[PDB]
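Here the structure is laid out as structure tokens; the discussion comes afterwards.
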Amino acid sequence: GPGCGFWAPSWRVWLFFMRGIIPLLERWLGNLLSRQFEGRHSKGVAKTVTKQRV
RNA sequence: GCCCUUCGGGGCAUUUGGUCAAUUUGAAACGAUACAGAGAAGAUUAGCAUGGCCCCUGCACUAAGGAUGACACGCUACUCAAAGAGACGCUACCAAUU
């Protein structure tokens, strides 16, 4: 049942997950804020020829 | 304030900063309501694009979606003739039933 408080291994796991997730989310959130504060550039950087566009 | 002094003097430290704390008049946007109302030459519609002073959602400013996201569907002389054939064109208008 409940009573096991040996939490250091799982806590470790989530710290290392955070280590990897910081560069990805700081980039993603920075781009969220770029859209929010200067707007979306819609075209201009060219779109690739994907499968639906071949 | 402190320190030094040869008691005359000298030293240490040196220029912040975000338009006020004040919501009518220097800029928020839905929803409700009213209304209308969805592409491809009969009917019904899978979409993929194209162009940018149209954008939205998205990390994607090298996905995807938004009705195939929408827009598109008005308007329409102007580098501009030549041949040969006509013209009471360019003037006048005119005297017998028995």
*If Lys and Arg each add +1 and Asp and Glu each add -1, what is the summed charge of the other residues whose beta carbon sits under 15 Å from the beta carbon of A:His41?*
+3
*Dividing the alpha-carbon radius of gyration of chain A by 2.2 N^0.38 Å (N being the number of residues), what value is obtained?*
2.05
*asked:* Under the 0.36 nm per residue contour assumption, what length would be gained going from the current alpha-carbon distance of A:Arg35 and A:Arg53 to full extension?
replied: 3.9 nm
*With θ set to phi - 60° and the Karplus curve 6.51 cos²θ - 1.76 cosθ + 1.60, what are the ³J(HN,Hα) couplings of segment A:14-28 in order, to the nearest whole Hz, using x for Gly and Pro?*
6, 5, 6, 4, 4, 3, x, 7, 4, x, 5, 6, 5, 5, 5
*Per DSSP H run of at least 4 residues, take -39500 (n - 2.57); add these up for chain A, divide by its residues and hand me the 222 nm value, nearest 500 deg cm²/dmol.*
-21000 deg cm²/dmol
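Note: ideal-geometry Cβ built from the backbone for every residue, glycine included; neighbour counts use all protein chains shown. FYI, it's all coordinate maths here, none of it is from the lab.
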